Amino acid sequence: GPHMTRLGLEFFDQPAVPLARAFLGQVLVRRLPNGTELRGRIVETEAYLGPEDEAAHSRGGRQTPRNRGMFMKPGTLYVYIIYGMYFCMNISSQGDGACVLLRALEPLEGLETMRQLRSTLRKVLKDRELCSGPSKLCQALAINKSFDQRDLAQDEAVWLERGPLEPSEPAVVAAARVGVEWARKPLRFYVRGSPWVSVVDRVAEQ
DNA sequence: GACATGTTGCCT
DNA sequence: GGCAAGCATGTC
Ligand SMILES: [Mn+2]
């Protein structure tokens, strides 16, 4: 096989917007306790800018017991429970209270384990339903709160390997964020034409 | 203590 | 497309 490295501090240490864009095409890897490796290529992200960003948990520089990952070194995971039953996986970027939400993956390896984790553990699921959402991907990759405040550059259960297929400048759609002035600002980024994206913005494309 | 707020699967 | 169940969390 190929000599496989992992993306380190050099990659994670950049402003939220650049990082959110740079994530596109990269491959998120999860190794389960049973030895099974799961792989998914990132196709959709969101940038949360910090104290000025009225949609971010760090708005006005607010630091709570929950959002501490956002104020820790670039690469630190911020995993929180939303709607009492779902997880959102964020990665701290460079900049006070700034992070990036992972929204969607193209599933590449371990799809049958993903389908079990998505259906057998809670509530035939098509391949498109596996990772097409921030909380869907957390379920499919077995991400929960025990992953909160871990370092994505150093952790032996979850890492980021560099992807062979990365989009260039014109292939990236900058659109409004999902479920959030700061509601309308284009801080969501996804691969144009990808069937694995959670929500298509047909207005921000045309 | 109260209570407002924050994605997915089904349904309209 | 619309619609809330879900309960963790933050705030008063
Ligand atoms: Mn509700």
Side-chain angles (χ1 to χ4, degrees), chain A residues 16 20 23-24 28 30 38 40 42-72 76-92 96-107 111-121 123-150 158 173 175-191 194-206:
Chain A
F23 264 124
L24 303 173
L28 181 63
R30 222 291 219 186
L38 309 167
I42 304 161
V43 291
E44 187 192 358
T45 59
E46 279 185 351
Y48 290 90
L49 266 49
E52 348 85 60
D53 193 337
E54 295 282 38
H57 293 164
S58 57
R59 65 187 77 87
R62 253 143 264 173
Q63 193 170 167
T64 59
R66 166 180 79 158
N67 69 353
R68 201 152 95 154
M70 301 178 78
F71 299 87
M72 291 172 69
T76 313
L77 294 180
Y78 171 41
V79 179
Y80 74 92
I81 308 160
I82 197 175
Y83 295 102
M85 70 199 296
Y86 294 126
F87 298 97
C88 295
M89 183 182 179
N90 297 80
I91 299 89
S92 172
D96 187 10
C99 74
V100 173
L101 172 67
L102 300 185
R103 280 201 59 89
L105 311 179
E106 174 188 354
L111 278 74
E112 286 305 315
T113 302
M114 291 186 185
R115 208 185 318 281
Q116 286 166 6
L117 286 156
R118 282 278 288 113
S119 69
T120 68
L121 294 206
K123 289 182 280 286
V124 170
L125 294 179
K126 204 268 176 189
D127 295 359
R128 275 199 214 166
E129 278 165 290
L130 297 177
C131 295
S132 59
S135 300
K136 297 178 189 175
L137 79 84
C138 280
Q139 285 190 351
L141 283 268
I143 311 291
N144 55 211
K145 208 186 165 187
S146 73
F147 279 86
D148 184 57
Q149 293 174 40
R150 288 204 218 177
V158 65
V173 180
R177 289 175 294 195
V178 176
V180 295
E181 176 204 353
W182 289 95
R184 282 162 279 274
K185 191 187 235 61
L187 292 177
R188 186 167 69 97
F189 313 96
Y190 64 90
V191 180
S194 183
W196 310 104
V197 174
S198 67
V199 191
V200 182
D201 196 320
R202 290 179 270 253
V203 179
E205 286 175 344
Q206 289 100 80

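Numbered from 1 within each chain, the chains take letters A, B, ... in sequence-line order. Computed from heavy atoms alone, side chains included, the values below leave out hydrogens, waters and symmetry copies.
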Check your understanding: Rounded to the nearest Å, what distance is computed from the OH atom of residue A/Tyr78 to the P atom of nucleotide C/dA8?
Key -> 15 Å
Check your understanding: Does the side chain to side chain donor-acceptor pair (under 3.5 Å) test come out yes or no for A/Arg103 and A/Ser198, once each step is laid out?
Key -> CA-CA 7 Å; A/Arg103 280 201 59 89; A/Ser198 67; 3.1 Å; yes
Practice item. Check whether the aromatic ring of A/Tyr86 stacks on the base of B/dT7, taking stacking as ring centres less than 5.5 Å apart and planes within 30° of each other. Key: no
Study note, to complete from the structure: A/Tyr83 OH to C/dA5 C1', in whole Å, measures 11 Å
Point to revise | Interatomic distance where CG belongs to A/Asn67 and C1' belongs to C/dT11 [whole Å] | key: 14 Å
Check your understanding: How close or far is atom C1' of B/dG9 from atom NZ of A/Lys123, stated in whole angstroms?
Key -> 7 Å
Review point. Are the charged groups of A/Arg118 and A/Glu129 less than 4.0 angstrom apart, N to O?
Key: no
Review point. What integer distance in Å separates A/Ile81:CD1 from C/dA5:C1'?
Key: 16 Å
Point to revise | Any A/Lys145 side-chain N or O less than 4.0 Å from OP1/OP2 of C/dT9 | key: yes
Practice item. State which of C/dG10, C/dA5, B/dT8 makes the closest approach to the side chain of A/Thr64. Key: C/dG10
**Study point:** A/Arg202/A/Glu205 ion pair, N-O < 4.0 Å
**Key:** no
Check your understanding: What's the CD-P distance between A/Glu54 and B/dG6, to the nearest Å?
Key -> 12 Å
Check your understanding: Over how many whole Å does the gap from A/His57 atom NE2 to B/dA4 atom P extend?
Key -> 19 Å
Point to revise | Between C/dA5 (P) and A/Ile82 (CD1): distance, integer Å | key: 17 Å
Check your understanding: Does the ring of A/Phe71 carry A/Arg68 above it, NZ/CZ under 6.0 angstrom from centre and within 45° of its axis?
Key -> no
Practice item. State whether A/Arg103 places a side-chain N or O below 4.0 Å from either non-bridging phosphate oxygen (OP1 or OP2) of B/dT7. Key: yes
Exercise for review: Report yes if a side-chain nitrogen or oxygen of A/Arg177 is closer than 4.0 Å to either non-bridging phosphate oxygen (OP1 or OP2) of B/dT7; otherwise report no.
Suggested key: no
Practice item. Can you figure out which of C/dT11, B/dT7, C/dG10 approaches the side chain of A/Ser135 most closely? Key: B/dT7
Practice item. Start with the C-alpha gap between A/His57 and A/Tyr48, add the side-chain angles, then the distance that decides, and say whether ring pair (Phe, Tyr, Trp, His ring centres under 6.0 Å) holds. Key: CA-CA 9 Å; A/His57 293 164; A/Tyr48 290 90; 7.7 Å; no
